[PDB]
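# Descriptive structure summary
Next come the chains, spelled out residue by residue.
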Amino acid sequence: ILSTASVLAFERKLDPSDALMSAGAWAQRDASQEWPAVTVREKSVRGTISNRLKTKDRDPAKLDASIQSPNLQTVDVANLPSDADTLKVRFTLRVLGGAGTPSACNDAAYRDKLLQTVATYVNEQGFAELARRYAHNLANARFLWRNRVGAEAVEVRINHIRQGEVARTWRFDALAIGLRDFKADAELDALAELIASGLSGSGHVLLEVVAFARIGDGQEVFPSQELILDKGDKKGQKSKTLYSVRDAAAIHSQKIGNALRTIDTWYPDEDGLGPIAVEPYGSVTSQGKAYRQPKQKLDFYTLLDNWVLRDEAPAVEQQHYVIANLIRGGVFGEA
Amino acid sequence: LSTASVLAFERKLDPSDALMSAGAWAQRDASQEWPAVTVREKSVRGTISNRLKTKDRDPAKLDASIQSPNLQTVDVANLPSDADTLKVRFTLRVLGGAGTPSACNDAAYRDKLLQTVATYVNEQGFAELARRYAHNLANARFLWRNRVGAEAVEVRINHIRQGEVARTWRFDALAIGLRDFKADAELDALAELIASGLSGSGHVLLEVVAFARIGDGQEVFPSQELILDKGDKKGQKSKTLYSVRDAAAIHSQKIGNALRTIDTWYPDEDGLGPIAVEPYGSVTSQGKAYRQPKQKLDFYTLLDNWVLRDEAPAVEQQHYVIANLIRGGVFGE
Amino acid sequence: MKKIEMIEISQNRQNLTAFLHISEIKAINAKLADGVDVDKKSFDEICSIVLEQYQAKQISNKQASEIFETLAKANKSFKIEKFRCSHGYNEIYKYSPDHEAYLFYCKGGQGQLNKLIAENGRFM
């Protein structure tokens, strides 16, 4: 009995928003309700060719003729104003709860067995560790992806807004708590207990999280960027477009959602890189490899099939990984 | 006597396209000038997460397919950053004259069909079905995924008599359940109005407005559309949403399914929530079929066991047969 | 149970290996004839030899009914029919695998469905 489901799908369970950008000055950051948005301007860019050349295309006169005519681009730029050194990146993250119930399942025994598995997990060890890692990823401002590197003083504040007004707030310095070491502070434990209460289903939590970065006066901030359509007046197109919701530079919501779920240090290597994001066949596009391959026995699908079908629960770290990327969501099924 | 070769019913419960706008909570009374929820178009970059079938489960093929990402350009709908509640508005009209077919071949069959439906109605009217439809209106189930994780849902059901609002109802959709069909002192007036509309006496048109307090700048989920995705470029549209005149909306039949999710008489388990009244009552989420025709409890068996052979079913299943007549379609061939 | 029903159960289900649990083969090898032992055999081969032993009359009808119903309940995997008609609504939808759904194909009853089935094949 108990083959896998023909299709399976889980909801998102950690819903961020498009984090809008604004710009102001430090020590005025306690007001921060009137800060003007970071606007996405367009600037022209000249660039000589600089690609690697095969051994047949190393003629001197050919390279001298190729660099005589340049590549002209019309790229986008998102700069801070020239009288504002602090970048304010704000969004809201709500946690839903009910991380075991799928959204689609063709089997009936497998769904109830998976629900029994998740429920006996949450009874055994709750959502404490996963919420403490999610609170660390909210704490150190990892969602500032490239606006965080080289910043002077990152500072995050998270408000629990329950009935329109705030309930209680947390204020962290995002550079003391680094990216790798999970330090388990006191306010980190309070935010961990709140996110775990939201994840288990005990209530409804909606955080408003705002991150200030003292990136410098007039510097360049990096919103997430879109792609191109390539249709209609192709010559002279805009070479690089940036995200903007209502003429206000913003990061995509799935980029912030990726930054919050960079929690698992339980993959095979687990020494050099640090924490990666939870993913079936645990992968990073930058490093270009899959750290949890199916040849190894440390996948998500192999672990979930062994946990549900064969009733052999893995180590508590790998159980944290399987429940964490059930908290992530997605469609698990043959396609 | 056999069933007619043609027999078709119109739908006696007609909603509009539930179109959604955005705003701020506690100003939701003066909420007829709220800006719509426009459908923007963002760009996603997905990675491989489907199950490999132990043919591409190689150390080099997975590493070569990780480095080639899946770029897509999806529609998305979000509240603005200064708005933290979603207002979904539609109008539902209840026609009535339920068991009267719209195109029937045989006369000796439709006369006794009308006789069985009339015997049901004067024996026990539409009050149970109207109670369950008024529960699926008061409990805001038509916000399908705009209801999960919401802080406070609130439904306003008017009664537009001749343009003038004659009667108003205000429900807290999270106070009343989504499973148990318990009776309320205020909901019984709405159930009486829907029963009067279904029974023929009067013209019932309600205006249903649901405010779901999602959160500041969060995501709303309108209805999604069909794409014939034959071939994709660098980034090609992989998900588009519904929009009536540049304003997101839920389809009229998706907020109609959440109105007739009243079936809790199916034989499997009446404690696992109500399902939609369908012949061979099915849910594509659960992927199964309650009221299997191997059992004698589907619609197409109880119908011609009630009309032809005059074997009147249980009192809780006549509600299912009459509710499937209210849903509509062509029955009999 | 009818006879062409067993032929369609032989024809429609997916070809699987090692799907027979121990109780089924334990009943089957003593239940069927002394000719073939069915260990790690495909569904089509088992169903074909059982339908042949039903054709060349050696085994009875009730035994074939029980063993074909056993081959029915032991298999849960079905092939896709490529063509599904809506009967009262007089329509014909055609399976499209990239949508995992039956997209609309043509207006037509059962005769047009059988024409399309004879042309394109009855399964995916």
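Residues numbered from 1 in each chain as written, not as in the entry; some residues may be left out. Chains lettered and ligands numbered in written order. Part of a larger assembly, values for the part shown. Heavy atoms only, no water. Residues with missing side-chain atoms left out of burial classes, pairs and counts.

The PDB entry annotates chain B as CRISPR-associated protein Csy3 of Pseudomonas aeruginosa. Listed as the entry title in the PDB record is "The Csy-AcrIF14 complex".

Named according to the PDB entry, chain A is CRISPR-associated protein Csy3 originating from Pseudomonas aeruginosa.

## As for the overall build of chain B
Counting its regular elements, chain B contains seven helices and 15 strands. Each of the three principal axes of chain B carries a C-alpha extent, and together these read 70 × 55 × 35 Å. At a minimum sequence separation of 6, the contacts of chain B that also span at least 24 residues come to 74%. (Helix = DSSP H or I, 4+ residues; strand = E, 2+ residues; numbered from the N terminus. Contact = heavy atoms within 4.5 Å.)

## Points about the domain arrangement of chain B
Residue and element names in this part refer to chain B. Structurally, chain B comprises domain 1 (1-10 + 98-125 + 262-333) and domain 2 (11-97 + 126-261). The interface of domain 1 with domain 2 comprises 24 residues on the first partner and 21 residues on the second. Summing both sides of the interface, domain 1 and domain 2 together bury roughly 1800 Å²; the carbon and sulfur share of this comes to 64%. Counting across the domain 1 and domain 2 interface gives one salt bridge. One salt bridge in this structure joins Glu10 and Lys12, with 3.4 Å as the shortest N-O distance. (Domains from an automatic or database assignment. Buried area = accessible area lost by both parts, 1.4 Å probe. Salt bridge = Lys/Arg side-chain N within 4 Å of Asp/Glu carboxyl O.)

## Structural notes on the pairing of strand β12 (residues 205-213) of chain A
All names here are of chain A. Of all the nine residues making up β12, nine are buried; the element is thus mostly covered by neighbouring parts of the structure. Residue alternation in β12 divides its side chains into two sets, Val205, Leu207, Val209, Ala211 and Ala213 and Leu206, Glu208, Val210 and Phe212, and both sets are buried. Here strand β8 (residues 86-95) runs beside β12; their pairing, made up of nine bridges, is antiparallel. Looking at the pairing, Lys88 lines up with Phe212 of β12. (Buried < 20%, exposed > 50% of the residue type's maximum accessible area, 1.4 Å probe, protein only. Pairing = 2+ DSSP bridges.)

## Quick notes on the side chain of C:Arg13
Residues and elements named next belong to chain C. With respect to the helices and strands, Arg13 occurs in the loop between α1 (4-12) and α2 (22-31). We note that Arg13 is buried and unpaired, the nearest opposite charge coming from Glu5 at a distance of 6.9 Å. At 3.4 Å, the side chain of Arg13 and the backbone oxygen of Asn75 are in polar contact. Other than its neighbours up to four places away in sequence, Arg13 contacts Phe43, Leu71, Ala72, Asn75, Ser77, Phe78 and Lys79. (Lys, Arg positive; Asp, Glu negative; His and termini not counted. Polar contact = N/O pair within 3.5 Å; in protein donor to acceptor, adjacent residues only side chain to side chain.)

## Quick word on the interface of chain B and chain C
Contacts between chain B and chain C engage seven residues on the former and five residues on the latter. At the boundary of chain B with chain C, the tally comes to zero salt bridges. Across the contact surface, chain B and chain C share two residue pairs in polar contact. Among the residues forming the side of chain B that touches chain C, the class breakdown is four nonpolar, one polar and two charged. (Nonpolar A, V, L, I, M, F, W, Y, C, P; charged D, E, K, R; others polar.)

## A word on helix α2 (residues 107-123) of chain B
All names here are of chain B. With 17 residues, α2 ought to run about 24 Å at 1.5 Å a step, and its terminal C-alpha atoms sit 24 Å apart, in line with that. In this structure, the buried residues of α2 make contact with β1 (7-9), β7 (103-104), α3 (127-138), α6 (299-306) and α7 (315-327). The N-capping residue of α2, defined by a side-chain oxygen 3.1 Å from the backbone nitrogen of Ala108, is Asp106. (Expected span 1.5 Å × (residues − 1).)

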